[PDB]
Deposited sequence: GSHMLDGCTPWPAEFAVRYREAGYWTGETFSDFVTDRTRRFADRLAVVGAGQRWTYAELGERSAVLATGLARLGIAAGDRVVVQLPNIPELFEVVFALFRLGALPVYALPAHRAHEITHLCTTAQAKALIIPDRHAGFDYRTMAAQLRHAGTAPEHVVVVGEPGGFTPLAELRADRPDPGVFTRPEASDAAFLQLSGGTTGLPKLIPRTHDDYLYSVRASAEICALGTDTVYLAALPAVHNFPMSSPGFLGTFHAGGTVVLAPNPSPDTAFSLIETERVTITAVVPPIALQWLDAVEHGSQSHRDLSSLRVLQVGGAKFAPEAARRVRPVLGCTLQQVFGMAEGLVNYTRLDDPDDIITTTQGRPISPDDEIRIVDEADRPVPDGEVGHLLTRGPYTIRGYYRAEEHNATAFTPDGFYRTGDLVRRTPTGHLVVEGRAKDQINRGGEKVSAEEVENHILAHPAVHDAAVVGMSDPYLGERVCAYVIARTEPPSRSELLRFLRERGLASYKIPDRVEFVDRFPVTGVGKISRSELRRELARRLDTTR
């Protein structure tokens, strides 16, 4: 159900040296041997060398094989920032199995979609995290007939398979499999726009290219200490350059259990972090904690680069990074579908603070077009289209959607409005896709509406983004009741019971007799645009 690059593009990318032929199977073996004695992972009271990570993943892989996981099987991995994540991911790569990455904030609705769409053989979860019981969630899927036949729990297993069961056998490399580098190595979730998010297949060759190139752009080496402040399996903290870039270069990955200034600054001080990645709301929290007193004492001198991305970072805030934190800002504008843009570490400050970077690859093609696919004069704002050696050509098993998201000649419609500077940098100026960006977490208005409409007291609903100085947008729901409106508390509870991801629950509920817009003779997309203007 994947879409391949055209043969003439694949040839171009291999001859250019982007696509090298290495697989993640090769990657695990080579990097853990090349850097064996160095420190690879710090988290949860654990300190693992590359050698130990190699040994642990080889044991795990043997136990997953004994469980029934074979080459090509999809396995949904929904783990917090704990060291078990990396040994689980490396193990799956050793078997030639495909991780299917879910984030900790995802819930029954999203996990059901991933398991059924990917036909997953297993689900790997923690017992509890941030007050949520993932064992109960897995049990709900089992009750509905939608759960993978294997459920593995990190922690107290309940009635499922404890992770420790997978460690019972000595390593057996006879069960490992090396896939083809052109094959999909894993699946990840898109941001989502009109409903259920599409699955994104990424290949060994194209993803490892973005990892290698990102490690070079970001000056990574064995002296790198990368703090995973964001959920590590998101594309940004996984590959831009993320923990894979760090592993590629032989550095240390430090896991932050949460991104609070107290927790993160304590790790930066203790472990001497040199680079980390955050979304704008976290960057603002860190800046405020240091500048306005709460954390001014912390020793952040080891921090060289603060990456900020996933959502728009205002120039005003960006200008605070070096004066307040003492480090170089790097803006990162990327997407799970491919294209990643970076400001360069030796760009002038005016470029670093006012742009969202330029693409990784010389073969990243950038088209900025008007509403009729005509290129806009250089400097003007238009729709961003892109094509390149690590941008996909189609979503996983999304035949009808792919016909709309990609041009006939293979350009991906990002849904972003951008303008290009003379030096190739891009400035993100708006959005055309129907998607609310809540401080880096993407919310589909139509998806939230559909669940709201399922409540028996609701007659109609419209979900829009309301401008917010810290998150960019919050999620506001306009609701028209049939007669008496439900309890705002009640409606939000009904949405949690539905299984919506935590960040998709609206911040604001406004019950109205009618939508406060003229000509309610307009499409639902235009309706949301007019409602959002009242809130901006």
Query raised in the report: Which parts of the deposited sequence have no C-alpha atoms in the model?
Result: 1-6, 527, 544-546
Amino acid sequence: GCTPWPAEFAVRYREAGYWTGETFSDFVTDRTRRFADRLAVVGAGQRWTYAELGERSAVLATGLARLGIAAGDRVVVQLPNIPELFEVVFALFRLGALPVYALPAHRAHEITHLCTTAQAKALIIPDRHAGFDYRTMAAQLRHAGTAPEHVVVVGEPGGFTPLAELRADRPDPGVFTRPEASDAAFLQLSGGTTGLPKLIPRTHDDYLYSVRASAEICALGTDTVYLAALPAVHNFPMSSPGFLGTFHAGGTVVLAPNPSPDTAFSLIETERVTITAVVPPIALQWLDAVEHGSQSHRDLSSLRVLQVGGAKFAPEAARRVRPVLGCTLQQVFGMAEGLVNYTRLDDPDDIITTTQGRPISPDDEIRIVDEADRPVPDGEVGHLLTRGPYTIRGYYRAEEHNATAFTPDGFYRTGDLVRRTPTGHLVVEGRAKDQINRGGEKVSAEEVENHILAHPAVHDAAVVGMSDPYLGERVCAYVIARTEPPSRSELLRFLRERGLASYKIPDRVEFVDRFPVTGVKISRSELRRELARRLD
From here on, numbers count along this sequence of modelled residues.
Report summary line: With B-factors read from the PDB entry, the higher C-alpha mean of 366-374 and 341-349 is in 366-374
**Report entry** Stretch with the greater mean C-alpha B-factor as recorded in the entry, comparing 247-255 against 413-421
**Finding:** 413-421
Report summary line: Listed options 191, 157, 359, 171: highest C-alpha B factor recorded at 191
Report task. Select one of 261, 408, 201, 72: the residue whose C-alpha shows the highest B-factor in the crystal structure entry. Result -> 408
Query raised in the report: What third of its chain, lowest, middle or highest, does the C-alpha temperature factor of residue 467 fall into?
Result: highest
Query raised in the report: How does residue 26 rank on Cα B-factor within its chain, lowest, middle or highest third?
Result: lowest
Query raised in the report: residue 445's Cα B-factor: lowest, middle or highest third of the chain?
Result: highest
Report summary line: Of the three thirds of the chain ranked by Cα temperature factor, residue 135 occupies the lowest
Requested in this report: Pull the Cα B-factor of residue 495 out of the PDB entry and bin it into the chain's lowest, middle or highest third.
Outcome: highest
